[PDB]
Amino acid sequence: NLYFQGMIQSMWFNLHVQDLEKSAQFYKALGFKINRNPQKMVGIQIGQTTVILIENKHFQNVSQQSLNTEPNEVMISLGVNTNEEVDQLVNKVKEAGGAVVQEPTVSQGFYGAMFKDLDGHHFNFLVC
């Protein structure tokens, strides 16, 4: 029902990337499902949560604003079942060319780790 559901049907995220193919390769290495719809963007997905990766110049044009040199607006959390899996995933981030800012440890009552992708986007693995 319109009154109960409201006027906003869905919500999804868009991130800027310098190189679509290099980013798609980084996320594919991490086990993300990569979607390429031909109808200059790549879709990354975990379960049913969707992130659209948009090439830098196109993102700048659509946002009508310049990009940040060191972006720190968002923190993307990634739920993981075990501590051992976070340890494996952190090594996969290092091999894929990402930067590990916080090595696996217990922080704020949870075991986890924190890293940046190829474009400085912050992610945190969380055992939950």
# chains A, B, ... in the order shown; residues from 1 in each chain; ligands from 1

$ residues_around --residues "region 98-102 of chain A" --least-positions-apart "5" --cutoff "9 Å" --atoms "only C-alpha atoms" --output "VMD selection string"
chain A and resid 26 90 92 to 93 112 to 120 124

$ write_last_selection --atoms "C-alpha atoms" --output "compact mmCIF listing (two decimals), in the first residue's frame"
# COMPACT_ATOMS: atom_id res chain seq x y z
CA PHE A 26 39.82 -6.25 -7.52
CA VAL A 90 42.88 -9.64 4.25
CA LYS A 92 43.31 -11.64 -0.76
CA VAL A 93 43.04 -7.77 -0.47
CA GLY A 112 37.74 -7.48 12.06
CA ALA A 113 40.10 -5.63 9.74
CA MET A 114 39.97 -2.40 7.71
CA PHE A 115 41.21 -1.75 4.14
CA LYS A 116 41.03 0.58 1.12
CA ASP A 117 40.20 -0.51 -2.46
CA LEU A 118 42.13 0.81 -5.55
CA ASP A 119 40.38 4.23 -5.26
CA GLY A 120 40.79 4.74 -1.49
CA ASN A 124 35.84 -3.08 7.10

$ residues_around --residues "region 57-68 of chain A" --least-positions-apart "6" --cutoff "12 Å" --atoms "only C-alpha atoms" --output "number ranges by chain"
A: 14-20, 40-41, 119-121

$ select_by_dssp --residues "chain A" --states "strand (DSSP E or B)" --output "JSON, numbers by chain"
{"A": [13, 14, 15, 16, 17, 33, 34, 35, 41, 42, 43, 44, 45, 46, 49, 50, 51, 52, 53, 54, 55, 75, 76, 77, 78, 79, 80, 99, 100, 101, 102, 103, 104, 105, 106, 107, 110, 111, 112, 113, 114, 115, 116, 122, 123, 124, 125, 126, 127]}

$ atom_distance --atom1 "CA of residue 83 (chain A)" --atom2 "CA of residue 103 (chain A)"
11.9 Å

$ select_by_dssp --residues "chain A" --states "alpha helix (DSSP H)" --output "number ranges by chain"
A: 2-5, 20-29, 56-63, 83-95

$ write_last_selection --atoms "N, CA, C and O atoms" --output "compact mmCIF listing (two decimals), in the first residue's frame"
# COMPACT_ATOMS: atom_id res chain seq x y z
N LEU A 2 0.55 2.20 -0.92
CA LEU A 2 1.25 3.48 -1.13
C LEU A 2 1.55 4.26 0.16
O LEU A 2 2.65 4.76 0.31
N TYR A 3 0.55 4.40 1.06
CA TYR A 3 0.71 5.14 2.31
C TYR A 3 1.70 4.46 3.25
O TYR A 3 2.48 5.15 3.91
N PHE A 4 1.65 3.12 3.32
CA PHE A 4 2.48 2.29 4.19
C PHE A 4 3.91 2.11 3.66
O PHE A 4 4.86 2.40 4.38
N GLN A 5 4.04 1.71 2.39
CA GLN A 5 5.31 1.54 1.67
C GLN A 5 6.00 2.91 1.45
O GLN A 5 7.23 3.01 1.54
N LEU A 20 37.48 1.11 -14.43
CA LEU A 20 36.41 0.12 -14.24
C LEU A 20 36.88 -1.32 -14.26
O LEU A 20 36.46 -2.08 -13.40
N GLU A 21 37.74 -1.68 -15.23
CA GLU A 21 38.27 -3.02 -15.40
C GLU A 21 39.19 -3.45 -14.25
O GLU A 21 39.10 -4.59 -13.80
N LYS A 22 40.04 -2.53 -13.76
CA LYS A 22 40.93 -2.79 -12.63
C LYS A 22 40.13 -2.97 -11.35
O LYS A 22 40.42 -3.87 -10.57
N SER A 23 39.07 -2.15 -11.17
CA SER A 23 38.19 -2.25 -10.01
C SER A 23 37.39 -3.55 -10.05
O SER A 23 37.35 -4.26 -9.04
N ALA A 24 36.80 -3.90 -11.21
CA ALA A 24 36.03 -5.14 -11.39
C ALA A 24 36.91 -6.35 -11.04
O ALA A 24 36.46 -7.25 -10.34
N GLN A 25 38.20 -6.32 -11.47
CA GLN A 25 39.17 -7.37 -11.17
C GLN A 25 39.49 -7.46 -9.67
O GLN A 25 39.63 -8.57 -9.15
N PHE A 26 39.56 -6.31 -8.97
CA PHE A 26 39.82 -6.25 -7.52
C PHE A 26 38.65 -6.90 -6.74
O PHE A 26 38.89 -7.74 -5.87
N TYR A 27 37.41 -6.50 -7.06
CA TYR A 27 36.22 -7.04 -6.40
C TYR A 27 35.94 -8.50 -6.72
O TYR A 27 35.52 -9.23 -5.84
N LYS A 28 36.23 -8.92 -7.97
CA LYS A 28 36.10 -10.31 -8.42
C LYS A 28 37.05 -11.19 -7.59
O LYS A 28 36.64 -12.26 -7.14
N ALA A 29 38.29 -10.70 -7.33
CA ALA A 29 39.32 -11.38 -6.52
C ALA A 29 38.87 -11.59 -5.08
O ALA A 29 39.30 -12.54 -4.43
N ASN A 56 35.35 7.88 -12.96
CA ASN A 56 35.61 9.18 -12.36
C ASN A 56 35.02 10.41 -13.05
O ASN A 56 34.29 11.16 -12.40
N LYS A 57 35.32 10.62 -14.35
CA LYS A 57 34.83 11.78 -15.10
C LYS A 57 33.31 11.79 -15.20
O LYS A 57 32.71 12.85 -14.99
N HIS A 58 32.68 10.63 -15.46
CA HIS A 58 31.22 10.54 -15.54
C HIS A 58 30.56 10.80 -14.17
O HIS A 58 29.53 11.47 -14.12
N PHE A 59 31.18 10.30 -13.07
CA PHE A 59 30.70 10.51 -11.71
C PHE A 59 30.75 12.00 -11.35
O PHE A 59 29.81 12.53 -10.78
N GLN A 60 31.86 12.67 -11.71
CA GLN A 60 32.09 14.10 -11.48
C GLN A 60 31.02 14.94 -12.22
O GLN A 60 30.50 15.89 -11.64
N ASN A 61 30.67 14.55 -13.46
CA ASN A 61 29.64 15.23 -14.26
C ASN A 61 28.24 15.07 -13.67
O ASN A 61 27.51 16.05 -13.57
N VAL A 62 27.88 13.85 -13.26
CA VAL A 62 26.58 13.53 -12.66
C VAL A 62 26.43 14.19 -11.27
O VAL A 62 25.38 14.79 -11.00
N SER A 63 27.48 14.14 -10.42
CA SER A 63 27.45 14.76 -9.08
C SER A 63 27.56 16.29 -9.13
O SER A 63 27.22 16.95 -8.14
N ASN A 83 36.77 -15.61 12.12
CA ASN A 83 38.01 -14.85 12.25
C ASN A 83 39.02 -15.33 11.21
O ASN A 83 39.70 -14.50 10.61
N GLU A 84 39.09 -16.66 10.99
CA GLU A 84 39.98 -17.31 10.03
C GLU A 84 39.71 -16.83 8.62
O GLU A 84 40.64 -16.59 7.86
N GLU A 85 38.42 -16.66 8.27
CA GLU A 85 38.00 -16.16 6.96
C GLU A 85 38.42 -14.70 6.77
O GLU A 85 38.86 -14.37 5.67
N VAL A 86 38.35 -13.84 7.83
CA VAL A 86 38.80 -12.43 7.78
C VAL A 86 40.32 -12.42 7.46
O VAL A 86 40.76 -11.64 6.60
N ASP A 87 41.09 -13.30 8.12
CA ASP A 87 42.54 -13.45 7.91
C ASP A 87 42.86 -13.80 6.45
O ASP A 87 43.77 -13.20 5.87
N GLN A 88 42.08 -14.73 5.85
CA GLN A 88 42.20 -15.15 4.46
C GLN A 88 41.85 -13.98 3.53
O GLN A 88 42.59 -13.70 2.59
N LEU A 89 40.72 -13.30 3.79
CA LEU A 89 40.24 -12.16 3.00
C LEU A 89 41.22 -10.98 2.98
O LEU A 89 41.41 -10.38 1.92
N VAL A 90 41.88 -10.70 4.12
CA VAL A 90 42.88 -9.64 4.25
C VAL A 90 44.08 -9.93 3.32
O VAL A 90 44.55 -9.02 2.64
N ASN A 91 44.49 -11.20 3.23
CA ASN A 91 45.58 -11.63 2.34
C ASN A 91 45.18 -11.51 0.88
O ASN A 91 46.01 -11.15 0.05
N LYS A 92 43.89 -11.78 0.58
CA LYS A 92 43.31 -11.64 -0.76
C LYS A 92 43.28 -10.16 -1.18
O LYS A 92 43.55 -9.86 -2.34
N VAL A 93 43.05 -9.23 -0.22
CA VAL A 93 43.04 -7.77 -0.47
C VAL A 93 44.47 -7.30 -0.83
O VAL A 93 44.64 -6.52 -1.78
N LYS A 94 45.48 -7.78 -0.07
CA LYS A 94 46.89 -7.48 -0.29
C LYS A 94 47.34 -7.96 -1.68
O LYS A 94 47.97 -7.18 -2.41
N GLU A 95 46.98 -9.21 -2.07
CA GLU A 95 47.31 -9.80 -3.38
C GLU A 95 46.60 -9.10 -4.55
O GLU A 95 47.15 -9.07 -5.65

$ closest_residue --among "A:47, A:38, A:97, A:6" --to "residue 79 (chain A)" --atoms "only C-alpha atoms"
A:47
